[PDB]
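Source file: work_2.cif. Holds: mmCIF, C-alpha atoms.
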data_final
loop_
_atom_site.group_PDB
_atom_site.id
_atom_site.type_symbol
_atom_site.label_atom_id
_atom_site.label_comp_id
_atom_site.auth_asym_id
_atom_site.auth_seq_id
_atom_site.Cartn_x
_atom_site.Cartn_y
_atom_site.Cartn_z
ATOM 1 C CA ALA A 282 7.358 15.554 -12.078
ATOM 2 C CA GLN A 283 4.731 17.929 -10.666
ATOM 3 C CA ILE A 284 2.115 17.224 -7.984
ATOM 4 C CA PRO A 285 -0.478 19.432 -6.235
ATOM 5 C CA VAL A 286 0.112 20.187 -2.540
ATOM 6 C CA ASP A 287 -2.682 20.419 0.045
ATOM 7 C CA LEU A 288 -1.896 22.760 2.944
ATOM 8 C CA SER A 289 -5.041 22.308 5.069
ATOM 9 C CA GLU A 290 -3.250 20.236 7.727
ATOM 10 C CA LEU A 291 -0.105 22.414 7.866
ATOM 11 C CA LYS A 292 0.080 24.647 10.933
ATOM 12 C CA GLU A 293 2.886 27.124 10.180
ATOM 13 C CA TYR A 294 4.482 27.718 6.780
ATOM 14 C CA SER A 295 5.912 30.433 4.529
ATOM 15 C CA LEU A 296 6.160 29.755 0.802
ATOM 16 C CA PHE A 297 7.133 31.630 -2.354
ATOM 17 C CA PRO A 298 7.589 30.380 -5.937
ATOM 18 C CA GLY A 299 11.016 28.957 -6.705
ATOM 19 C CA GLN A 300 11.797 27.947 -3.111
ATOM 20 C CA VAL A 301 13.774 24.708 -2.811
ATOM 21 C CA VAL A 302 12.007 22.888 0.004
ATOM 22 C CA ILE A 303 11.782 19.516 1.755
ATOM 23 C CA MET A 304 8.272 18.419 2.744
ATOM 24 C CA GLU A 305 6.985 15.525 4.826
ATOM 25 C CA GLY A 306 3.468 14.323 4.202
ATOM 26 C CA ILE A 307 1.060 11.634 3.068
ATOM 27 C CA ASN A 308 0.619 10.637 -0.581
ATOM 28 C CA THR A 309 -1.601 7.563 -0.864
ATOM 29 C CA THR A 310 -2.898 7.924 -4.428
ATOM 30 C CA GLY A 311 0.262 9.415 -5.934
ATOM 31 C CA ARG A 312 -1.527 12.403 -7.482
ATOM 32 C CA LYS A 313 -1.769 14.741 -4.467
ATOM 33 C CA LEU A 314 0.353 15.390 -1.365
ATOM 34 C CA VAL A 315 -1.152 16.382 1.985
ATOM 35 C CA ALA A 316 1.736 18.231 3.613
ATOM 36 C CA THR A 317 2.182 17.781 7.358
ATOM 37 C CA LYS A 318 5.698 19.051 8.126
ATOM 38 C CA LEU A 319 7.849 21.751 6.513
ATOM 39 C CA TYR A 320 11.550 21.531 7.384
ATOM 40 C CA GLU A 321 13.159 24.888 8.173
ATOM 41 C CA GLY A 322 16.009 26.190 6.034
ATOM 42 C CA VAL A 323 19.638 26.295 7.181
ATOM 43 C CA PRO A 324 21.986 29.229 6.403
ATOM 44 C CA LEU A 325 25.690 29.265 5.368
ATOM 45 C CA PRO A 326 28.471 29.630 7.955
ATOM 46 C CA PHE A 327 29.738 33.122 8.680
ATOM 47 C CA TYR A 328 33.088 34.496 7.565
ATOM 48 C CA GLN A 329 36.007 33.341 9.711
ATOM 49 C CA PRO A 330 38.143 36.337 10.767
ATOM 50 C CA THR A 331 41.918 36.166 10.595
ATOM 51 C CA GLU A 332 44.407 37.670 13.030
ATOM 52 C CA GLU A 333 44.830 40.755 10.825
ATOM 53 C CA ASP A 334 41.097 41.516 10.744
ATOM 54 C CA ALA A 335 40.995 42.026 14.528
ATOM 55 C CA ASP A 336 43.690 44.738 14.380
ATOM 56 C CA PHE A 337 41.607 47.164 12.287
ATOM 57 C CA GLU A 338 40.303 50.374 13.834
ATOM 58 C CA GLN A 339 36.907 52.057 13.876
ATOM 59 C CA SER A 340 35.513 53.120 10.496
ATOM 60 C CA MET A 341 32.426 54.969 9.261
ATOM 61 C CA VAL A 342 30.525 53.997 6.103
ATOM 62 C CA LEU A 343 27.874 55.975 4.217
ATOM 63 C CA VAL A 344 25.256 54.375 1.966
ATOM 64 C CA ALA A 345 22.912 56.021 -0.544
ATOM 65 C CA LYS B 515 2.911 -29.916 2.622
ATOM 66 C CA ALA B 516 6.253 -31.720 2.166
ATOM 67 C CA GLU B 517 9.730 -30.587 3.212
ATOM 68 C CA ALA B 518 13.264 -31.940 2.827
ATOM 69 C CA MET B 519 16.841 -30.721 3.208
ATOM 70 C CA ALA B 520 20.061 -31.407 1.296
ATOM 71 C CA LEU B 521 23.355 -31.135 3.172
ATOM 72 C CA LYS B 522 25.417 -29.888 0.222
ATOM 73 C CA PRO B 523 24.564 -28.356 -3.190
ATOM 74 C CA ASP B 524 26.489 -31.257 -4.729
ATOM 75 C CA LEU B 525 23.594 -33.611 -3.873
ATOM 76 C CA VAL B 526 21.244 -31.986 -6.444
ATOM 77 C CA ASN B 527 21.027 -33.040 -10.109
ATOM 78 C CA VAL B 528 18.811 -32.134 -13.076
ATOM 79 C CA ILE B 529 16.647 -33.832 -15.701
ATOM 80 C CA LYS B 530 15.038 -31.546 -18.282
ATOM 81 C CA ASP B 531 13.111 -33.882 -20.633
ATOM 82 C CA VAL B 532 9.931 -34.405 -18.602
ATOM 83 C CA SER B 533 6.628 -32.583 -19.075
ATOM 84 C CA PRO B 534 5.709 -29.957 -16.453
ATOM 85 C CA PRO B 535 2.876 -30.627 -13.990
ATOM 86 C CA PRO B 536 -0.357 -28.599 -13.792
ATOM 87 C CA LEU B 537 -0.499 -25.612 -11.430
ATOM 88 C CA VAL B 538 -3.015 -23.817 -9.215
ATOM 89 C CA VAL B 539 -3.953 -20.311 -10.353
ATOM 90 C CA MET B 540 -5.825 -17.670 -8.358
ATOM 91 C CA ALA B 541 -7.104 -14.379 -9.774
ATOM 92 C CA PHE B 542 -8.402 -11.912 -7.215
ATOM 93 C CA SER B 543 -9.812 -8.381 -7.085
ATOM 94 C CA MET B 544 -10.443 -5.970 -4.226
ATOM 95 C CA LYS B 545 -12.254 -2.735 -3.359
ATOM 96 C CA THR B 546 -10.965 0.177 -1.288
ATOM 97 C CA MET B 547 -12.574 3.231 0.272
ATOM 98 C CA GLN B 548 -10.670 6.299 1.436
ATOM 99 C CA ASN B 549 -10.698 7.025 5.148
ATOM 100 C CA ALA B 550 -12.383 10.380 5.696
ATOM 101 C CA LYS B 551 -10.423 11.182 8.860
ATOM 102 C CA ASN B 552 -6.788 10.887 7.742
ATOM 103 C CA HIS B 553 -4.249 9.010 5.653
ATOM 104 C CA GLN B 554 -5.920 5.621 5.193
ATOM 105 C CA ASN B 555 -7.572 3.613 2.411
ATOM 106 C CA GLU B 556 -9.413 0.644 3.904
ATOM 107 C CA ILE B 557 -10.385 -2.645 2.247
ATOM 108 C CA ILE B 558 -14.125 -3.343 2.090
ATOM 109 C CA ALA B 559 -14.493 -6.187 -0.422
ATOM 110 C CA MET B 560 -12.623 -9.030 -2.142
ATOM 111 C CA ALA B 561 -13.389 -11.668 -4.769
ATOM 112 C CA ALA B 562 -11.187 -14.527 -5.972
ATOM 113 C CA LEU B 563 -11.385 -17.185 -8.695
ATOM 114 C CA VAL B 564 -9.462 -20.456 -8.460
ATOM 115 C CA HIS B 565 -8.376 -23.148 -10.912
ATOM 116 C CA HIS B 566 -6.728 -26.246 -9.437
ATOM 117 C CA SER B 567 -5.363 -27.730 -12.696
ATOM 118 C CA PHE B 568 -3.795 -25.201 -15.076
ATOM 119 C CA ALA B 569 -1.792 -26.739 -17.923
ATOM 120 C CA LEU B 570 1.337 -24.700 -18.628
ATOM 121 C CA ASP B 571 2.183 -26.426 -21.928
ATOM 122 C CA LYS B 572 -1.341 -26.751 -23.368
ATOM 123 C CA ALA B 573 -4.261 -24.529 -24.338
ATOM 124 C CA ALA B 574 -6.021 -22.420 -21.714
ATOM 125 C CA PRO B 575 -8.812 -24.267 -19.863
ATOM 126 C CA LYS B 576 -12.447 -23.441 -20.596
ATOM 127 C CA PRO B 577 -13.904 -22.244 -18.262
ATOM 128 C CA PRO B 578 -10.784 -20.669 -16.705
ATOM 129 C CA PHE B 579 -12.078 -21.251 -13.157
ATOM 130 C CA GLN B 580 -13.812 -23.912 -11.066
ATOM 131 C CA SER B 581 -14.355 -22.411 -7.604
ATOM 132 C CA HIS B 582 -14.700 -18.871 -6.274
ATOM 133 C CA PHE B 583 -15.518 -16.942 -3.106
ATOM 134 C CA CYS B 584 -16.391 -13.388 -2.043
ATOM 135 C CA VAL B 585 -16.241 -11.314 1.156
ATOM 136 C CA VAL B 586 -17.588 -7.929 2.295
ATOM 137 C CA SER B 587 -17.375 -5.711 5.377
ATOM 138 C CA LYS B 588 -18.195 -2.286 6.856
ATOM 139 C CA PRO B 589 -15.363 0.188 7.473
ATOM 140 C CA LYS B 590 -15.907 1.682 10.939
ATOM 141 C CA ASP B 591 -19.119 3.694 11.000
ATOM 142 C CA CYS B 592 -21.654 2.545 8.387
ATOM 143 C CA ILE B 593 -23.972 -0.400 9.012
ATOM 144 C CA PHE B 594 -25.200 -3.079 6.619
ATOM 145 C CA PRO B 595 -28.716 -2.486 5.248
ATOM 146 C CA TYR B 596 -31.577 -4.102 7.130
ATOM 147 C CA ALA B 597 -32.108 -7.806 6.313
ATOM 148 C CA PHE B 598 -28.819 -8.031 4.351
ATOM 149 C CA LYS B 599 -28.383 -11.698 5.283
ATOM 150 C CA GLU B 600 -32.011 -12.364 4.358
ATOM 151 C CA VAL B 601 -31.368 -10.985 0.858
ATOM 152 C CA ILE B 602 -28.113 -12.951 0.681
ATOM 153 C CA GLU B 603 -29.788 -16.294 1.374
ATOM 154 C CA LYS B 604 -32.772 -15.252 -0.769
ATOM 155 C CA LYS B 605 -30.683 -14.906 -3.953
ATOM 156 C CA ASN B 606 -28.480 -17.947 -3.186
ATOM 157 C CA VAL B 607 -25.031 -16.334 -3.507
ATOM 158 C CA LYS B 608 -21.804 -17.583 -1.916
ATOM 159 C CA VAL B 609 -20.947 -14.313 -0.129
ATOM 160 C CA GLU B 610 -19.307 -14.440 3.281
ATOM 161 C CA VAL B 611 -20.167 -11.365 5.356
ATOM 162 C CA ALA B 612 -17.690 -10.064 7.929
ATOM 163 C CA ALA B 613 -17.978 -7.510 10.726
ATOM 164 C CA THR B 614 -14.640 -5.652 10.752
ATOM 165 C CA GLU B 615 -11.603 -5.368 8.490
ATOM 166 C CA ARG B 616 -9.551 -7.692 10.708
ATOM 167 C CA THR B 617 -12.021 -10.572 10.277
ATOM 168 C CA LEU B 618 -12.004 -10.023 6.509
ATOM 169 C CA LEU B 619 -8.201 -10.155 6.427
ATOM 170 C CA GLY B 620 -8.176 -13.304 8.550
ATOM 171 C CA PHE B 621 -10.700 -15.018 6.282
ATOM 172 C CA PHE B 622 -8.722 -14.043 3.181
ATOM 173 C CA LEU B 623 -5.470 -15.330 4.680
ATOM 174 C CA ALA B 624 -7.109 -18.608 5.725
ATOM 175 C CA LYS B 625 -8.466 -19.139 2.207
ATOM 176 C CA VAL B 626 -5.081 -18.316 0.650
ATOM 177 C CA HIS B 627 -3.356 -20.790 2.964
ATOM 178 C CA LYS B 628 -5.882 -23.582 2.371
ATOM 179 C CA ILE B 629 -6.078 -23.235 -1.424
ATOM 180 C CA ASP B 630 -2.273 -22.803 -1.599
ATOM 181 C CA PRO B 631 -1.993 -21.175 -5.048
ATOM 182 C CA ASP B 632 1.197 -21.148 -7.087
#
Mind turning this structure into structure tokens?
Amino acid sequence: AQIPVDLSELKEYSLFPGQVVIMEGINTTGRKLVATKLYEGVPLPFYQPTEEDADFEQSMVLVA
Amino acid sequence: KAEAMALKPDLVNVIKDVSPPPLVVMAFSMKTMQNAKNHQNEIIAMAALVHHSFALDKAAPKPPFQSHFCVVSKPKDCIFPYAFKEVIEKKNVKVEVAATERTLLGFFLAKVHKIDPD
């Protein structure tokens, strides 16, 4: 289902189309949401180095 | 109005070949206004219609109701028009006027308890 979102009462936000988001707000009539809180996103854990990866020496990389 | 308790479910039996008794039926409607400030929709009016003997196994009664009542209030900021009660008694209507929403809710609950609909 689709509902309009009212952002008048939202202090800080950053939105682009296609963003999977979790909102917290008021929806009394069921046809419009007045957003009040926007949960921040959480990233993936970093790569876990092995014992071999710490034995590598200094390298230079070029990018074009 | 009447209460009783049975010690064990064994003590309860059934007879099915007796006609059902009449019931009490209440049909009620209500009005709401959206709170301008934030996130509320308050109740400003109610009206109910009561029938004390509704036959389940017969035709619908005509008229479907015997008694009725109505209530009205002011949300937080507006005021009733001048001489509202004068107009109310002038037209001879059974409207009970309340001051706040809490009084309206209390009156409604008291009526629901006293009528005791099924």
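You will find atom CA of residue 515 of chain B at 9.8 Å from atom CA of residue 630 of chain B.
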### Task
Kindly indicate which residue among B:543, B:527, B:606, B:614 lies nearest to residue 588 of chain B, using only C-alpha atoms for the distances.
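Under the stated criterion, the closest residue is B:614.
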### Task
Would you translate the PyMOL selection byres ((chain B) within 9 of (chain A)) into the concrete set of residues it matches in this file, as a list in words?
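With the PyMOL selection byres ((chain B) within 9 of (chain A)) on this model, the match is residues 553, 554 and 555 of chain B.
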Those residues you just picked out, can you put them in a file as a PDB file, in the coordinates of the input with C-alpha atoms?
ATOM      1  CA  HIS B 553      -4.249   9.010   5.653  1.00  0.00           C
ATOM      2  CA  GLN B 554      -5.920   5.621   5.193  1.00  0.00           C
ATOM      3  CA  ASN B 555      -7.572   3.613   2.411  1.00  0.00           C
TER       4      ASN B 555
END
### Message
Starting from the PyMOL selection byres ((chain A and resi 304) around 8), expand the selection into actual residues of this file and give them as a ChimeraX atom specification.
### Response
/A:302-303,305-306,316-320
Enclose segment 292-309 of chain A, meaning all of its atoms listed in the file, in a box aligned along x, y and z, pad it by 4 Å on each side, and list the centre and edge lengths in Å to one decimal, as AutoDock Vina command-line options.
--center_x 6.1 --center_y 19.6 --center_z 2.1 --size_x 23.4 --size_y 32.1 --size_z 25.6
### Query
Which of these residues is nearest to residue 284 of chain A, using all atoms listed in the file: A:301, A:335, A:314, A:345?
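Among the listed residues, A:314 lies closest to residue 284 of chain A.
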### Query
When distances are computed from all atoms listed in the file, which of B:593, B:623, B:570, B:618 shows the smallest separation from residue 535 of chain B?
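Comparing B:593, B:623, B:570, B:618 against residue 535 of chain B, the winner is B:570.
Counting from atom CA of residue 591 of chain B, the distance to atom CA of residue 603 of chain B is 24.6 Å.
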### Task
Evaluate the PyMOL selection byres ((chain B and resi 542) around 8) on the structure here and hand back the selected residues as a PyMOL selection string.
chain B and resi 540-541+543-544+560-563
## Note on the structure
In Å and to one decimal, atom CA of residue 589 of chain B is distant from atom CA of residue 546 of chain B by 9.8 Å
